[PDB]
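Working notes, beginning with the structure itself.
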Amino acid sequence: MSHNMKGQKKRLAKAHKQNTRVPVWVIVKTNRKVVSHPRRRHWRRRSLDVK
Amino acid sequence: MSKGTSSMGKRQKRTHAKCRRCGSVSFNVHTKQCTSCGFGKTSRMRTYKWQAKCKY
Amino acid sequence: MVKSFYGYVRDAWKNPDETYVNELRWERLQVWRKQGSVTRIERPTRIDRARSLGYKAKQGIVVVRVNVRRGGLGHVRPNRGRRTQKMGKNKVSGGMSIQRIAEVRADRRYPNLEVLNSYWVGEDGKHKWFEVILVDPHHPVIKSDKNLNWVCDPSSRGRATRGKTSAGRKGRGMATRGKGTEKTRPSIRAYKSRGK
Amino acid sequence: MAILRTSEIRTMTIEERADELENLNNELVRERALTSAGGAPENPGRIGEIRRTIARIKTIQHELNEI
RNA sequence: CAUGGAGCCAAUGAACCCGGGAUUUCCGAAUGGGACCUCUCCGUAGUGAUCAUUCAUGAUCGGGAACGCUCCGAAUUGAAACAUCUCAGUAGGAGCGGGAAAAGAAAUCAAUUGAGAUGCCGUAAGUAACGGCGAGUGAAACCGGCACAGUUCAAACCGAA
Ligand SMILES: [Mg+2]
Ligand SMILES: [Mg+2]
Ligand SMILES: [Mg+2]
Ligand SMILES: [Mg+2]
Ligand SMILES: [Mg+2]
Ligand SMILES: [Mg+2]
Ligand SMILES: [Mg+2]
Ligand SMILES: [Mg+2]
Ligand SMILES: [Zn+2]
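Note that the protein sequences, when read in sequence, are chains Bd, Bc, BM and BW. Residue 51 is where the first sequence ends in the deposited numbering, and the numbering goes up by one at each step. Residue 56 is where the second sequence ends in the deposited numbering, and the numbering goes up by one at each step. Residue 196 is where the third sequence ends in the deposited numbering, and the numbering goes up by one at each step. Residue 67 is where the fourth sequence ends in the deposited numbering, and the numbering goes up by one at each step.
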């Protein structure tokens, strides 16, 4: 099941945390000028090269 | 099998790990050297003059 | 004639094949062959030559016997297609003398010192031997010295690997002035290396 | 003004400074514990003020050779 | 960056700017051992490798846009083919290295008799010279300027001063 070390799991946790919708108050404050970031992906697509 | 999509199912291993010194996924796990920064080969950082046009 | 003993040593080494120095060569060559590439020796083999080249008996001054092979630049036949003028390499001797090779190896072995000069000390069918005089710039005795403090400068690092020694300037074509030195001063690179 | 100014931190004694440090750490632990359960804090300036005050106290101790 | 909510800080002079200090996870020259394990093992809390001394201590290692010095070194292309020649000591490689570096005080250049360290710019000049004497390659001295600066060892005499 892909036995991982500590560092690999750490990087996987970070790449997980980056999949987030931009906060609503950011969109309110910037006046609909920020609506996305380049860190969004999906698990069944291009594999991440984190490991 | 065939040279196309039939032999691309055995593509489960890895040949390059992640480098400690530069963070790029270019570390050859057999020769034990980074193919981008030269980590493992030397204490200096890999740079060649053919990585850019002759500046004239 | 009131003459110093340095003069007698100079005369004795003037023609080695016709004095007592030949027997000493016969004994010394065996011990030298048994040794390694670079070796630290307490006293210079030829006192007069060392004193002439700037040797003094103080701390921070080192002398070393280096060992270098004879022959030209051992060169490989080109693998791919040349043009029959660049294809041959057996008769193409190098462009760097053997004293320079000796001093560069000595510099590579001693990372903190700096090369001053060298001289010829013997040779046989397979090897040549030189002695290289090295001076330590961070020793207080050298710093206090008035005739040697020029080496405690930021333009004397790597003095042997940039052709600043005497043999280096001989090999750069800057041992003289006038005709023939049109393309060798103030440097080889300045004229696209068409000198030398 | 602040939870503590530099004058009061430098004026106090060693044990007084240490005790203030433990009180601040305990209050920060409680504040984080409440906020970790997805709740709007009762006063969401406390965390920043507390951390900056603790930074002041540690800087003062390190300057006075206390630690 | 980036004027949304709720808070906090600030006349004990904040925010901001100039100068100086503190904390500074792990890897990395990475340096107690080990890395398809950015962590892990013994903890003997760790001077890794090579060097100099009076053996207290000290030096080197990596980086830097281009510039600098030393050494190794092609082919396409041109010659309306092509081998000497040219492309070109170019592209590329290895070593060393600073705010600059290299050079530098005649065993020199002249010509009848003179000049007086070095570097850089102008000219000599596409000249002398080289060359299937083909294509092509190709200087220096004299002279005019910028800027100016000369000295230190070895030995002869004394012999630890
Ligand atoms: Mg195939
Ligand atoms: Mg270039
Ligand atoms: Mg060797
Ligand atoms: Mg200089
Ligand atoms: Mg042709
Ligand atoms: Mg360096
Ligand atoms: Mg010189
Ligand atoms: Mg040419
Ligand atoms: Zn790398």
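A virtual CB, placed ideally from N, CA and C, is assigned to each residue, including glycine.
Exposed unless 16 or more other CB atoms sit within 10 angstroms - verdict on residue i
| i | result |
| --- | --- |
| residue 197(BM) | Look at the range of chain BM in this structure, 1 to 196, and you will see that residue 197(BM) is not part of it. |
| residue 65(BM) | buried |
| residue 150(BM) | exposed |
| residue 148(BM) | buried |
| residue 160(BM) | buried |
| residue 130(BM) | buried |
| residue 57(BM) | exposed |
| residue 119(BM) | buried |
| residue 14(Bc) | exposed |
| residue 180(BM) | exposed |
| residue 69(BM) | exposed |
| residue 8(BM) | exposed |
| residue 54(Bc) | exposed |
| residue 9(BW) | buried |
| residue 48(BM) | buried |
| residue 48(Bc) | exposed |
| residue 34(BW) | exposed |
| residue 165(BM) | buried |
| residue 2(BM) | exposed |
| residue 55(BM) | buried |
| residue 19(BW) | exposed |
| residue 99(BM) | buried |
| residue 153(BM) | exposed |
| residue 190(BM) | exposed |
| residue 48(Bd) | exposed |
| residue 102(BM) | buried |
| residue 46(BM) | buried |
| residue 31(Bd) | exposed |
| residue 26(Bd) | exposed |
| residue 117(BM) | buried |
Any C-beta of chain Bd under 9 Å from that of residue i
| i | result |
| --- | --- |
| residue 18(Bc) | yes |
| residue 25(Bc) | yes |
Test: residue i CB closer than 9 Å to a CB of chain Bc
| i | result |
| --- | --- |
| residue 51(Bd) | yes |
For residue j and residue i, believed in contact at Cβ under 8 Å, the rounded distance
| i | j | result |
| --- | --- | --- |
| residue 184(BM) | residue 195(BM) | 4 Å |
| residue 73(BM) | residue 133(BM) | That pair is no contact at about 26 Å. |
| residue 47(BW) | residue 3(BW) | Contact doesn't hold; Cβ gap of about 12 Å is too wide. |
| residue 37(Bc) | residue 21(Bc) | 6 Å |
| residue 6(BM) | residue 43(BM) | Contact doesn't hold; Cβ gap of about 14 Å is too wide. |
| residue 175(BM) | residue 97(BM) | Going by Cβ atoms, the distance from residue 175(BM) to residue 97(BM) rounds to 12 Å, so no, they are not a contact pair. |
| residue 41(BM) | residue 21(BM) | No, residue 41(BM) and residue 21(BM) are not in contact; Cβ-Cβ is about 17 Å, not under 8 Å. |
| residue 139(BM) | residue 59(BM) | 6 Å |
| residue 18(Bc) | residue 9(Bd) | Not really, about 14 Å apart at Cβ, beyond 8 Å. |
| residue 35(Bc) | residue 26(Bc) | 5 Å |
Indicate whether the contact test is met: 3 or more Cβ pairs, each with one atom in the region 24 to 42 of chain BW and one in the region 50 to 63 of chain BW, closer than 8 Å. Touching, per the Cβ criterion.
Within 8 Å, do at least three Cβ pairs link the region 5 to 18 of chain BW to the region 57 to 66 of chain BW? Because the criterion of three Cβ pairs below 8 Å is met, the region 57 to 66 of chain BW and the region 5 to 18 of chain BW touch.
Meets three-Cβ-pair contact criterion under 8 Å: the region 9 to 19 of chain BM and the region 80 to 95 of chain BM: Verdict: no, contact absent.
Where are the beta strand (DSSP E) runs, 3 residues long or more, that stay fully inside the region 24 to 83 of chain BM, in chain order? Counting whole runs of 3 or more residues, the region 24 to 83 of chain BM contains the beta strand (DSSP E) stretches 38 to 40 and 61 to 69.
Run through the region 151 to 183 of chain BM for me and flag every whole alpha helix (DSSP H) of 4 or more residues, listed as ranges in chain order. Runs of the alpha helix (DSSP H) inside the region 151 to 183 of chain BM: 166 to 171.
Counting only runs of 3+ residues fully inside the region 16 to 42 of chain Bd, write out the beta strand (DSSP E) ranges in chain order. You should have found no qualifying run.
Taking 8 Å as the threshold, find out whether the region 9 to 25 of chain Bd comes into contact with the region 33 to 40 of chain Bd through three or more Cβ pairs. Between the region 9 to 25 of chain Bd and the region 33 to 40 of chain Bd there are three or more C-beta pairs closer than 8 Å, enough to call the two in contact.
Could you give the uninterrupted runs of the alpha helix (DSSP H) lying entirely in the region 73 to 152 of chain BM, keeping only those of 4 residues or more? Inside the region 73 to 152 of chain BM, DSSP marks whole alpha helix (DSSP H) runs of 4 or more residues at positions 98 to 109 and 140 to 144, from first to last along the chain.
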